[PDB]
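Asker: model this:
(6 chains, ligands or ions: 3)
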Amino acid sequence: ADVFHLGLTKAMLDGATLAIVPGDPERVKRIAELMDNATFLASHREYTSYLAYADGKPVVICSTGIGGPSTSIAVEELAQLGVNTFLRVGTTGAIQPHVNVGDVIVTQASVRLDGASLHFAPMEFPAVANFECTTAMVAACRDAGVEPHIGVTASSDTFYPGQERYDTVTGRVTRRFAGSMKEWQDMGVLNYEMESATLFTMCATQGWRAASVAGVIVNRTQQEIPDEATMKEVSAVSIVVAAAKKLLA
Amino acid sequence: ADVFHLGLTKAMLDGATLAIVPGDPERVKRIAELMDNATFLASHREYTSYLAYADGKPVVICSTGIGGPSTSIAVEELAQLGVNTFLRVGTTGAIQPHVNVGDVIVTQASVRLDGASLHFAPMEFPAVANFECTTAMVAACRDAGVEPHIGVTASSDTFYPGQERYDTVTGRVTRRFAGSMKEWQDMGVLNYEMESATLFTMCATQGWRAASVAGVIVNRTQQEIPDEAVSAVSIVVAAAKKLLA
Amino acid sequence: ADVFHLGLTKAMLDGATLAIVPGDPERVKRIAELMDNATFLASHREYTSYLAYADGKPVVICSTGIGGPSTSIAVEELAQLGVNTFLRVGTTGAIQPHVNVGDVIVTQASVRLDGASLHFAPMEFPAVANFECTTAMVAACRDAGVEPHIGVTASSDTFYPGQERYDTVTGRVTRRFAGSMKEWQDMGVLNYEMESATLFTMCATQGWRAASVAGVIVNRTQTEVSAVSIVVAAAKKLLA
Amino acid sequence: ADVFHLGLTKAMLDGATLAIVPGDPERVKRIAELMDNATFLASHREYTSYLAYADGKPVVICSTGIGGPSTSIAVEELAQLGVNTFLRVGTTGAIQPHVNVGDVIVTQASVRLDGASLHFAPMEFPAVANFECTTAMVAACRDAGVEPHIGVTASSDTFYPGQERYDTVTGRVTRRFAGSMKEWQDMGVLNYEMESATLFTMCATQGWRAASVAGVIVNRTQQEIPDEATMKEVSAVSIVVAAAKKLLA
Amino acid sequence: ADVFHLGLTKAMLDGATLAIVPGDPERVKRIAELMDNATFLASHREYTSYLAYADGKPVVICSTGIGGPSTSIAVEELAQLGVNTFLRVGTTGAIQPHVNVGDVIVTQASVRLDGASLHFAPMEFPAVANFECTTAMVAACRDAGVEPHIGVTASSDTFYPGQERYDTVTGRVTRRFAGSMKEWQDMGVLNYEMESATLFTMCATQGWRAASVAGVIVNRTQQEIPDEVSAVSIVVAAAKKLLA
Amino acid sequence: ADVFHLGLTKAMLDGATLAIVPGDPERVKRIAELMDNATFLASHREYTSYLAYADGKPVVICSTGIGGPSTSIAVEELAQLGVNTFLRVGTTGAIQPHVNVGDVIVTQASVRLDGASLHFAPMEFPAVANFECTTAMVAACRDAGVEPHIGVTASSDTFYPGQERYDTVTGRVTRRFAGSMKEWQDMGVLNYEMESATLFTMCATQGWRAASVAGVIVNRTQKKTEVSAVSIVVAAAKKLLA
Ligand SMILES: O=c1cc[nH]c(=O)[nH]1
Ligand SMILES: O=c1cc[nH]c(=O)[nH]1
Ligand SMILES: O=c1cc[nH]c(=O)[nH]1
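Answerer: Numbers count the residues shown, from 1 in each chain, chains lettered A, B, ... in the order given. Ligands and ions are numbered 1, 2, ... in the order given. The relevant structure is shown in the block below.
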């Protein structure tokens, strides 16, 4: 391999410069198969990669793992191999009551409740998505009959206390994060996820473009964790593939 | 008046929901006369306001003064009068060699080198402009034959040390800010101004829409003080008409 | 213009080394006319400047605008023209019950609830007024038969949330400022304003002298000319 | 499942109260096989879990993925299933010249160069391992003829800039981390890894025991990335299994 | 003197490489007298120092005063004199209800509620004790019939607001320390003392060994002020173990 | 006792509202004997306390130990017995080339390089002396024919690395403190000491008055001075209590 974790060489990407980067290694294939001549490339650790062709141009599909540290490796190592555009597709918990389960979120920027983003810029720097790629995501959403929620996402290094979940072993949240959900609600923050703060900060600062679209799987104003009663439309995966086509055409 | 500083009452605004907010009280009239039926509203301290109409729609034009603290008062008091959309038009120093004096920057989001932003959200919160309004600014640039630089802006509470100007009385920059310009350059930050970090944070947290377009009057890879020597204001008025259509 | 924002040259100051720096451009003329031979210098943006003469010596009167950022420009650019002493005058809202409307506050140092101070020193550095000029303000107070409240002022980048006002469109105060007025009250802080943290920190760290006097117009728990006559008296004291 | 990510129920753990938690899902099976009746439980995302028995006592082996956010989910979820003891096993880069490739480090505490620890305790709290489990890990190294390095570890949310690697696409490290390796070096910090600060802080604060043994795969005073010239003793996985047995006996 | 505050020369230490460092200058002599040939060395400011012998080997016993800043001077100056190992012995207030007055706490690491620690490393660095010396302390406890409580200690620059005492002139704690005791309790923190964050951070960063044992003189789940030692016997036993 | 560390009761102070607070226990008696009817009160740990009379008004002289933490205990326990004014006296190293050995400093406010100040107010609060006590100190200087340097002091929790000293075992200064003396020097800071941040902040926030005078005995850039600064502080006490 040309890179230390992903098991990939430059040749294996066949010139791809755009990556679709889901969180879950098990989603990779399905995303890939929405495009042409999808091919398995590698699987190492949380990093499963496929190659596919979007209207004839190579796209790499590579999972990140949960959270900013595994994301950071993925994004660096793909860029080492010539990727300069990273489209994240993900799942997310809504924190606003009007954002329904099954709705899609396009994140313009993120609250940096992570540590990896600080390793690319001080906290003063905005974890902001690339304008053209965000535009492409919005457009793919609307083309699909869906108006996305567009706004700010709370991007937390944890799933439990940092997203102010109480149904845990201790049922306690450290002071900084106690009441924090309300803080972000009040500020109009749409949702919680775990990677976009790192992805956006690292891409804005290193000269790469990123965007993120995500499907809402739970509304935190009603459940901490979704279950079988949770509402079971258009898919964030289809949208991202459509967005990638826009950007490569 | 029904607000504390601006000298305005709601009826004065004729239903305006959108403000164009330059820093310079003297730009207010000149923005306003690009529009129709320019009407003086009030002038107190650094806050001169005009009502004018953009293709039949009322728009307030209200200066902010230099910097976030005075901006925060104007944005708040306007919003108390029904303003929910704030378009900043400003001047700026570029810090990338590829950005020319005369060019326009549309700021997607801002590095928070201000303090007023912290009175609306802790630092982790992004100082991000509204997507729809930024889209409008970009379209207004392009409808005018201008390709804007669209990126991040360093928004500083000072013009001198925080923008790492050395041509001062003491010629020193405190440690945090020494080497800072290069830091932001390396990060692909386009430019320096003084208001957008506050403007964006307070609008994003308070449920209002903001965007900012600015004319590049100095390139900091060349010199500190801008040469005395429009495009930006015509773009903002163009964008206001897009948003109010 | 020798200087980019104020539209002043050094020659226009006639060697003035002391400035009175109110916040409001519209109050500069009237301050200036308390001294001799007041003359209009320039008006750009929020910066209106006058020259006048106190007991024969020139004194510049220049408005700062509201808040540290605009103040930091005025101060730096006046200093480039040879100013080395800056006397702030203004109004304020008190937060202690024993500080009545019609009193005078002399700020000895400020809680740094601003950003611009940090562009001159890290937060550990105290936002402290100059001893000599503070002393002159006190003395001018007492000459006018006013025993001033001498203490700490909370110097905020905002008028609204940073001063824990809830009479706003959203009625929300961010967490860090929720309960903050009471925090400052308990610590004996006298009042809120919006420029002294910046002014003080920048003058202390750059070698200039600063002090600040303000008339209490309102008390958050429950004169204008007085504050101006005192600052003019203080200027004379310092230039004598 | 009774936890949201791991796909596990409490019954699947056969009363296990201790987990060994490597980072790589592909290493779980292997570690499980140094114990008895190795039994696959689940595999979801980067989280592969096995049950095995260590001199008769049940032990869960579960991958964390890279970094503290993924680790934090596994640790919380295991603990909801009754685990109260977490033994990290992993690889590390040494930052002292006398810490050799092949050596093992038992971390007593970590420099918190992470975000996830702060969702458990403010930065003043020490990211300290449990004394008893640290002692057993030392004892298990010595039992095997290995004298471990015992000291402080730099625990970084990133592999690249936060570990002051410069062989990257931009070759730049943000101000805060430029020169940081020498700061940790000078302080006698032994090594870099990417999970222990989160693990330790989250366990110390929630009432669980944790410890970490790791093998040194590169010395950063000589190479950023190990390659085929790099040296390649008793394994860190052997030690951890040995520690587990001690602790459960 | 060879150093700026302690009034000590390197010769006076007779090759001692290990110090016992109590907080209280008046405990110094009592500790020294549990060893052989105890000899007053010096007394300046809060720094009272003795020499004594543990199974033939010299040990310096030198007080620190209360708090990190005076501790930082003493540890630095002793180390200038060849000391590489610093065993703190002290008093403390327990914040967990299962810890009794008269019990002993061995601090593995400390919450850095101090400022001097920052002068050796940024806050991210753990205020962690030396493994070997802690081991010695635990072992000394157990040989004495005392099971020590081993864990995390809140190491505070103040006795009053920083340990969230309210029985004070103003009866107020600044926001950051309001609720803080409950915070640390919830995180399993055992106790409050005033020196260990600084001692541990400075030793760990500068290549010296340190450990701390303390007698529990109050339980804060019951009251603020202690009612009017075995910790000293234990630390002397630990020094013996380390020197043997 | 009333108070746990100092071993004092209120009665013992004979109504004293003002303490002189030097660092060294050994120095208390001698400072007390510049006043009348010096009277031993107590001695525990590094806290030696004396009562004496300053032009017929009761004054406590109480040592603090080195540094903020031990000072915070003394000032709190004294305040619990009615003391509302605290005058710090001591020696210091100057960092400005214009401040000569034997000069006197009156600290108007301090750089907070200390942790205890944070246990009273967040860092944005200034570590400022009381104006009236500062004025008294300045007057006492001038009555003794001394013009004091009046400005900002860097108040450090360490003697060595926080004062950017490299004459240490390791010879190392952590990054934050690397180049820090030059930093303070450029800002006009006069000197380093180790207590005034703490004393100033706790006093300002708790409603008590404080000030600090120090005799310059070393200058980083280059007995009798000690005595001068002690005479000045006794003189200021007299002025304040008049
Ligand atoms: O609530 C949720 C759902 C998905 N991902 C998250 O980080 N949080
Ligand atoms: O350089 C410049 C020009 C205008 N405004 C700024 O903030 N900076
Ligand atoms: O409660 C107590 C007792 C002694 N030492 C402390 O720091 N706290």
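
Asker: Now do residue A:185 against ligand 2, distance only.
Answerer: 33 Å (Cβ to the nearest ligand atom, to the nearest Å). The way it works is simple: take the backbone N, C-alpha and C, and place the C-beta from them, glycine included.

Asker: does any bit of stretch A:224-240 sit next to chain D?
Answerer: Yes. Using Cβ under 8 Å from any Cβ of the partner chain as the criterion, contacts between stretch A:224-240 and chain D involve residue A:225.

Asker: Buried ones in that stretch, by neighbour count?
Answerer: Of the residues in stretch A:224-240, those scored as buried under the neighbour-count criterion (16 or more other Cβ atoms under 10 Å in any protein chain shown) are A:224, A:226, A:234-240.

Asker: again, but for stretch A:159-174
Answerer: By neighbour count, with 16+ other Cβ under 10 Å as the criterion, the buried positions of stretch A:159-174 are A:159-165, A:168-170, A:173-174.

Asker: Next, format those as CSV and append distance to residue D:14 and secondary structure.
Answerer: As requested, the buried residues of stretch A:159-174 are arranged in CSV below (distance: Cβ to Cβ, whole Å; DSSP: H, G, I helix; E, B strand; the rest coil):
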residue, distance to residue D:14, secondary structure
A:159, 26, coil
A:160, 25, coil
A:161, 29, helix
A:162, 31, helix
A:163, 31, helix
A:164, 33, coil
A:165, 27, coil
A:168, 23, coil
A:169, 19, coil
A:170, 24, coil
A:173, 31, coil
A:174, 33, coil
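
Asker: Would you mind listing the residues in contact with the residue of chain A most remote from its centre?
Answerer: Summary for chain A: using Cα atoms, centre = their mean, the residue whose C-alpha lies farthest from the chain's mean C-alpha position is residue A:170, with a distance of 29.1 Å. Contact analysis of residue A:170 by Cβ atoms under 8 Å, 6 or more residues apart in numbering or on different chains lists D:206-207, E:186.

Asker: again with residue A:237
Answerer: Applying Cβ under 8 Å, 6+ apart, we find residue A:237 in contact with A:22, A:27, A:30-31, A:34, A:89.

Asker: Could you check which helix or strand contains it?
Answerer: Of the helices and strands defined by DSSP states H and E, residue A:237 is found in helix A:236-248.

Asker: ok now that helix, how far from the chain's centre?
Answerer: 13 Å (Cα atoms, centre = their mean, to the nearest Å).

Asker: cool, and stretch A:197-212?
Answerer: Relative to its chain's centre, stretch A:197-212 lies at 11 Å (Cα atoms, centre = their mean).

Asker: buried sites along it?
Answerer: A:197-206, A:208-212.

Asker: Return only those of the residues you listed found close to chain D.
Answerer: With Cβ under 8 Å from any Cβ as the criterion, the buried residues of stretch A:197-212 include A:198, A:205-206 near chain D.

Asker: Mark which of the residues you listed are part of helices, please.
Answerer: A:198, A:205-206 (DSSP state H).

Asker: Which single one of those is nearest to chain F?
Answerer: residue A:205 (21.7 Å; Cβ to the nearest Cβ).

Asker: who are the neighbours in contact with the closest one?
Answerer: The neighbours of residue A:205, taking Cβ under 8 Å, 6+ apart as the test, are A:120-121, A:125, B:186-188, D:174.

Asker: Now the two most distant members of these.
Answerer: With distance counted by Cβ to Cβ, no two of the contacts of residue A:205 lie farther apart than B:188 and D:174, which are 13.0 Å apart.

Asker: Find me whatever residue is spatially closest to residue A:183, sequence neighbours aside.
Answerer: residue C:175 (5.9 Å; Cβ to Cβ, 6 or more residues apart in numbering or on different chains).

Asker: so what's residue A:44 bridging to?
Answerer: According to DSSP bridges, the partner residues bridging residue A:44 are residue A:47.

Asker: Repeat that for the one 10 residues further on.
Answerer: Applying DSSP bridges to residue A:54 gives these bridge partners: residue A:57.

Asker: all strands of chain A, in order?
Answerer: Counting by DSSP state E, one finds strands in chain A at the ranges A:18-22, A:36-44, A:47-54, A:57-62, A:85-94, A:104-113, A:127-128, A:149-156, A:191-193, A:209-219.

Asker: So which elements touch the fifth one?
Answerer: It refers to strand A:85-94. Packed against strand A:85-94 by the contact rule (3 or more Cβ pairs under 8 Å, 6 or more residues apart in numbering or on different chains; DSSP states H and E) you find strand A:18-22, helix A:131-143, strand A:191-193, helix A:196-206, strand A:209-219, helix A:236-248.

Asker: Can you pull up the most central residue in chain A?
Answerer: Residue closest to the average C-alpha location in chain A (Cα atoms, centre = their mean): residue A:88, at 3.6 Å.

Asker: Please name the bridge partners of that residue.
Answerer: As assigned using DSSP bridges, the partners bridged with residue A:88 are residue A:21, residue A:212.

Asker: likewise the one 5 residues further on?
Answerer: Taking DSSP bridges as the rule, residue A:93 bridges to residue A:192, residue A:218.

Asker: Give the buried residues for stretch A:91-105.
Answerer: Neighbour-count burial for stretch A:91-105, with 16+ other Cβ under 10 Å as criterion, is recorded at A:91-96, A:99, A:101-105.
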